[PDB]
$ cat model_1.cif   # mmCIF, C-alpha atoms
data_target
loop_
_atom_site.label_atom_id
_atom_site.label_comp_id
_atom_site.auth_asym_id
_atom_site.auth_seq_id
_atom_site.Cartn_x
_atom_site.Cartn_y
_atom_site.Cartn_z
CA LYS A 655 -0.13 -16.34 -16.94
CA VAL A 656 -3.32 -14.45 -15.94
CA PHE A 657 -4.79 -17.92 -15.41
CA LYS A 658 -8.22 -17.85 -13.77
CA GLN A 659 -9.29 -21.13 -12.16
CA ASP A 660 -10.63 -19.95 -8.81
CA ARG A 661 -11.66 -23.41 -7.60
CA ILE A 662 -8.01 -24.51 -7.47
CA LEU A 663 -6.97 -21.44 -5.50
CA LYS A 664 -10.03 -21.89 -3.28
CA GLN A 665 -8.87 -25.42 -2.43
CA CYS A 666 -5.36 -24.12 -1.75
CA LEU A 667 -6.68 -21.37 0.53
CA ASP A 668 -8.94 -23.85 2.33
CA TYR A 669 -5.89 -26.02 3.00
CA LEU A 670 -4.00 -22.94 4.21
CA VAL A 671 -6.79 -21.94 6.61
CA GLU A 672 -7.48 -25.46 7.90
CA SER A 673 -3.80 -26.16 8.62
CA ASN A 674 -3.43 -23.01 10.78
CA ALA A 675 -0.45 -22.07 8.60
CA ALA A 676 -1.32 -18.36 8.41
CA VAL A 677 0.08 -17.80 11.93
CA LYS A 678 3.58 -18.96 10.93
CA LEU A 679 3.96 -17.51 7.42
CA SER A 680 6.26 -14.57 6.76
CA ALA A 681 5.03 -11.03 6.17
CA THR A 682 6.48 -10.83 2.66
CA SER A 683 5.04 -14.27 1.85
CA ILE A 684 1.60 -13.10 3.02
CA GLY A 685 1.92 -9.97 0.89
CA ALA A 686 3.03 -11.94 -2.17
CA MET A 687 0.19 -14.46 -1.86
CA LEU A 688 -2.41 -11.72 -1.36
CA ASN A 689 -1.04 -9.71 -4.29
CA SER A 690 -1.10 -12.79 -6.52
CA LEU A 691 -4.71 -13.47 -5.52
CA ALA A 692 -5.71 -9.85 -6.15
CA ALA A 693 -3.91 -9.61 -9.51
CA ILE A 694 -6.45 -12.02 -11.08
CA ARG A 695 -9.61 -10.74 -9.32
CA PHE A 696 -10.24 -13.70 -7.04
CA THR A 697 -13.94 -14.52 -6.75
CA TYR A 698 -14.34 -16.28 -3.39
CA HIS A 699 -13.72 -13.43 -0.94
CA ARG A 700 -14.89 -15.52 2.03
CA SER A 701 -11.76 -17.70 1.92
CA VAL A 702 -9.47 -14.66 1.67
CA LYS A 703 -11.35 -12.99 4.53
CA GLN A 704 -10.93 -16.06 6.73
CA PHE A 705 -7.25 -16.35 5.79
CA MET A 706 -6.58 -12.71 6.69
CA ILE A 707 -8.59 -12.92 9.93
CA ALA A 708 -6.78 -16.09 11.03
CA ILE A 709 -3.41 -14.34 11.37
CA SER A 710 -2.56 -13.02 14.82
CA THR A 711 -1.70 -9.60 16.25
CA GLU A 712 1.89 -10.70 16.89
CA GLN A 713 2.55 -10.71 13.14
CA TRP A 714 0.82 -7.34 12.77
CA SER A 715 2.90 -5.85 15.59
CA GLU A 716 6.31 -6.03 13.87
CA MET A 717 5.61 -6.09 10.13
CA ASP A 718 8.07 -4.16 8.00
CA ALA A 719 6.87 -1.19 5.96
CA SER A 720 6.92 -2.68 2.46
CA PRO A 721 5.16 -6.01 3.23
CA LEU A 722 2.55 -4.06 5.20
CA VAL A 723 1.85 -1.67 2.32
CA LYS A 724 1.69 -4.67 -0.04
CA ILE A 725 -0.86 -6.35 2.23
CA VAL A 726 -3.03 -3.24 2.49
CA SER A 727 -2.82 -2.68 -1.28
CA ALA A 728 -3.90 -6.27 -1.95
CA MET A 729 -6.75 -5.76 0.53
CA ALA A 730 -7.83 -2.61 -1.32
CA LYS A 731 -7.67 -4.20 -4.78
CA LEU A 732 -9.74 -7.17 -3.55
CA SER A 733 -12.51 -4.86 -2.23
CA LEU A 734 -11.96 -6.23 1.28
CA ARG A 735 -13.23 -4.14 4.21
CA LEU A 736 -12.26 -5.51 7.63
CA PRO A 737 -12.90 -3.40 10.76
CA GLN A 738 -10.40 -5.28 12.94
CA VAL A 739 -7.55 -5.70 10.44
CA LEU A 740 -7.52 -1.96 9.73
CA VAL A 741 -6.89 -0.98 13.37
CA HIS A 742 -3.82 -3.24 13.41
CA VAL A 743 -2.74 -1.67 10.11
CA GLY A 744 -3.27 1.79 11.60
CA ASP A 745 -1.18 1.20 14.71
CA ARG A 746 1.57 -0.41 12.63
CA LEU A 747 1.52 2.66 10.38
CA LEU A 748 1.72 4.88 13.46
CA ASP A 749 4.82 2.90 14.44
CA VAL A 750 6.69 2.76 11.13
CA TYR A 751 5.44 5.55 8.86
CA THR A 752 8.79 7.39 8.84
CA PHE A 753 10.45 4.61 6.79
CA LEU A 754 7.94 4.69 3.92
CA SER A 755 9.22 5.51 0.45
CA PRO A 756 7.22 8.14 -1.48
CA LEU A 757 5.66 5.50 -3.73
CA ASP A 758 4.78 3.47 -0.63
CA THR A 759 3.14 6.57 0.86
CA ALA A 760 1.11 7.19 -2.30
CA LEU A 761 0.06 3.53 -2.46
CA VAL A 762 -0.98 3.56 1.20
CA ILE A 763 -2.95 6.78 0.84
CA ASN A 764 -4.85 5.72 -2.28
CA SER A 765 -5.45 2.16 -1.03
CA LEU A 766 -6.82 3.43 2.30
CA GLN A 767 -9.04 5.82 0.35
CA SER A 768 -10.25 2.95 -1.85
CA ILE A 769 -11.44 0.97 1.20
CA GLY A 770 -13.10 4.01 2.79
CA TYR A 771 -10.85 4.05 5.84
CA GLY A 772 -12.66 6.02 8.53
CA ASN A 773 -9.63 7.06 10.57
CA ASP A 774 -8.51 10.65 9.97
CA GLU A 775 -5.45 10.98 12.22
CA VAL A 776 -3.50 8.32 10.32
CA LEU A 777 -4.50 9.79 6.95
CA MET A 778 -3.62 13.33 8.05
CA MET A 779 -0.20 12.33 9.40
CA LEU A 780 0.54 10.28 6.26
CA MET A 781 -0.32 13.32 4.14
CA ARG A 782 1.88 15.48 6.38
CA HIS A 783 4.81 13.08 5.94
CA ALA A 784 4.22 13.11 2.18
CA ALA A 785 4.24 16.92 2.19
CA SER A 786 7.48 16.98 4.20
CA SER A 787 9.24 14.79 1.59
CA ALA A 788 7.63 16.44 -1.44
CA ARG A 789 10.93 17.29 -3.15
CA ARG A 790 11.61 13.62 -3.95
CA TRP A 791 8.24 12.54 -5.35
CA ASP A 792 8.30 10.93 -8.79
CA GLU A 793 5.64 11.10 -11.51
CA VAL A 794 3.93 7.76 -10.84
CA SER A 795 3.80 8.54 -7.12
CA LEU A 796 2.00 11.83 -7.79
CA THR A 797 -0.42 10.07 -10.15
CA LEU A 798 -1.14 7.47 -7.46
CA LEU A 799 -1.64 10.10 -4.74
CA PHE A 800 -3.71 12.71 -6.60
CA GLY A 801 -5.62 9.90 -8.33
CA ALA A 802 -7.19 8.80 -5.04
CA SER A 803 -10.98 8.73 -4.75
CA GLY A 804 -11.49 11.15 -1.86
CA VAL A 805 -8.35 13.19 -2.47
CA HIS A 806 -10.07 16.53 -1.77
CA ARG A 807 -10.80 15.39 1.79
CA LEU A 808 -7.07 15.11 2.53
CA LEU A 809 -6.19 18.54 1.07
CA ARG A 810 -7.20 20.19 4.33
CA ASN A 811 -4.32 22.47 5.33
CA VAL A 812 -2.33 24.82 3.12
CA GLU A 813 0.90 23.45 4.62
CA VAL A 814 0.02 19.85 3.73
CA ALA A 815 -1.05 20.68 0.16
CA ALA A 816 1.21 23.49 -1.08
CA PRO A 817 4.46 21.57 -1.82
CA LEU A 818 2.52 18.63 -3.24
CA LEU A 819 0.59 20.92 -5.59
CA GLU A 820 3.71 22.77 -6.74
CA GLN A 821 5.50 19.46 -7.33
CA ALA A 822 2.53 18.13 -9.32
CA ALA A 823 2.49 21.31 -11.41
CA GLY A 824 6.23 20.98 -12.05
CA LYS A 825 6.31 17.27 -12.88
CA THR A 826 2.89 15.97 -13.96
CA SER A 827 2.38 16.43 -17.70
CA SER A 828 -0.95 14.71 -18.45
CA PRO A 829 -3.96 16.94 -19.25
CA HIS A 830 -6.52 14.60 -17.68
CA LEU A 831 -4.68 14.35 -14.36
CA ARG A 832 -4.23 18.13 -14.27
CA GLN A 833 -7.96 18.62 -14.89
CA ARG A 834 -8.78 16.13 -12.13
CA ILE A 835 -6.42 17.88 -9.71
CA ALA A 836 -7.97 21.25 -10.58
CA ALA A 837 -11.45 19.86 -9.92
CA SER A 838 -10.30 18.39 -6.59
CA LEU A 839 -8.79 21.76 -5.66
CA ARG A 840 -12.12 23.39 -6.51
CA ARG A 841 -13.93 20.91 -4.25
CA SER A 842 -11.27 21.10 -1.51
CA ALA A 843 -11.25 23.20 1.67
CA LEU A 844 -8.08 25.16 0.89
CA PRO A 845 -7.92 28.97 0.99
CA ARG A 846 -9.33 30.57 -2.14
CA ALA A 847 -6.12 32.32 -3.20
CA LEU A 848 -4.07 29.11 -3.19
CA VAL A 849 -6.80 27.28 -5.12
CA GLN A 850 -6.90 30.06 -7.73
CA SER A 851 -3.11 30.12 -8.12
CA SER A 852 -2.87 26.33 -8.39
CA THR A 853 -5.68 26.21 -10.97
CA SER A 854 -3.92 28.95 -12.96
CA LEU A 855 -0.64 27.01 -12.88
CA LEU A 856 -2.13 23.61 -13.74
CA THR A 857 -4.55 24.70 -16.50
CA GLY A 858 -3.26 27.16 -19.09
CA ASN B 109 39.01 -11.82 2.76
CA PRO B 110 40.90 -15.07 2.15
CA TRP B 111 39.52 -16.92 5.19
CA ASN B 112 36.08 -17.03 3.55
CA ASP B 113 37.54 -19.21 0.75
CA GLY B 114 34.60 -18.73 -1.62
CA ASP B 115 31.96 -19.54 1.01
CA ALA B 116 29.27 -16.88 1.33
CA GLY B 117 27.84 -18.72 4.32
CA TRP B 118 24.87 -17.35 6.21
CA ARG B 119 24.97 -13.99 4.42
CA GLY B 120 24.57 -15.89 1.15
CA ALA B 121 22.59 -18.86 2.45
CA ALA B 122 19.01 -19.85 1.64
CA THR B 123 17.61 -18.96 5.10
CA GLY B 124 14.19 -17.36 5.45
CA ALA B 125 15.78 -14.10 6.60
CA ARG B 126 17.67 -13.76 3.31
CA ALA B 127 14.64 -14.89 1.29
CA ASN B 128 12.44 -12.26 2.99
CA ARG B 129 14.40 -9.19 1.85
CA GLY B 130 13.33 -9.00 -1.80
CA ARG B 131 10.27 -7.86 -3.72
CA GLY B 132 10.08 -9.70 -7.03
CA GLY B 133 6.67 -11.29 -6.61
CA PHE B 134 8.03 -14.84 -7.03
CA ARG B 135 6.27 -14.92 -10.39
CA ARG B 136 8.76 -16.68 -12.68
CA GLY B 137 9.67 -19.19 -9.98
CA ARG B 138 12.96 -20.96 -9.31
#

$ encode --input "model_1.cif" --output "structure tokens"
Amino acid sequence: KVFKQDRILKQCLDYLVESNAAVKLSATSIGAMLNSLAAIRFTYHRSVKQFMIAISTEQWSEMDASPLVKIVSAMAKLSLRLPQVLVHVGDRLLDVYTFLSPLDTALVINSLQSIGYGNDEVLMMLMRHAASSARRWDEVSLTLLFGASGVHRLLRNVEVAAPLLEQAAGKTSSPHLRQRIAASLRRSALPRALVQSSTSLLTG
Amino acid sequence: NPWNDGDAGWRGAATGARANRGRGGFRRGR
């Protein structure tokens, strides 16, 4: 209903935190609640921060891929930056990255960019996995990936950015996204020849 | 299978395991 009464949800979250119920809830339930809170731009971030902190490392250790990506996406859309939640997220990603769908990979990459994630190994290996499975990427997934804030940071190697660029040239058909990708290629650290060829393909 | 006799059982029960395998957002609400 896009209903915005944040006092009611604040009372509900206070009851959730006080009852120590965040240590027994399911991963998909946590993701659904966080996504619902983020979909309406919840105001009181202190309650959400306490609720996310209260959950234990046991839950973080064996979360499935999709609830985990939902949780990190809801964290990113709520402008939450937590130093100790992100290390748990990173080790869980290290464990279960191979099962991510392409749209999950794009969501993870752009959400981690949106929160200014400082780790580079996890980002680099996620980008490598995305490059390996480039032949299956849809249109919305490419928009989500190449629409990330610091996308040019991730376009480090030619191997990790060649199939993604050719797939974007083949599939993406929006002038603004192509211009943004060309600008990111210009600001990237790729070899000059590949940048020139990709810019030629995308624009013109 | 006739022995099931129209009883889905645990595979079609309401348990948390079966309720934790879908991504609908629980928006409309049962």

$ interface_residues --input "model_1.cif" --of "chain B" --to "chain A" --cutoff "10 Å" --atoms "only C-alpha atoms" --output "list in words"
residues 124, 125, 127, 128, 129, 130, 131, 132, 133, 134, 135 and 136 of chain B

$ resolve_selection --input "model_1.cif" --expression "the PyMOL selection byres ((chain A and resi 748-761) around 9)" --output "JSON, numbers by chain"
{"A": [717, 718, 719, 720, 723, 724, 726, 727, 743, 744, 745, 746, 747, 762, 763, 764, 765, 766, 776, 779, 780, 781, 783, 784, 787, 788, 790, 791, 792, 794, 795, 796, 797, 798, 799, 800, 802]}

$ atom_distance --input "model_1.cif" --atom1 "CA of residue 673 in chain A" --atom2 "CA of residue 702 in chain A"
14.6 Å

$ atom_distance --input "model_1.cif" --atom1 "CA of residue 668 in chain A" --atom2 "CA of residue 684 in chain A"
15.1 Å

$ resolve_selection --input "model_1.cif" --expression "the PyMOL selection byres ((chain A and resi 812-823) around 9)" --output "MDAnalysis selection string"
chainID A and resid 778 781:789 791 793 796:797 800 808:811 824:827 832 835 844:845 848 852 855:856

$ atom_distance --input "model_1.cif" --atom1 "CA of residue 768 in chain A" --atom2 "CA of residue 843 in chain A"
20.6 Å
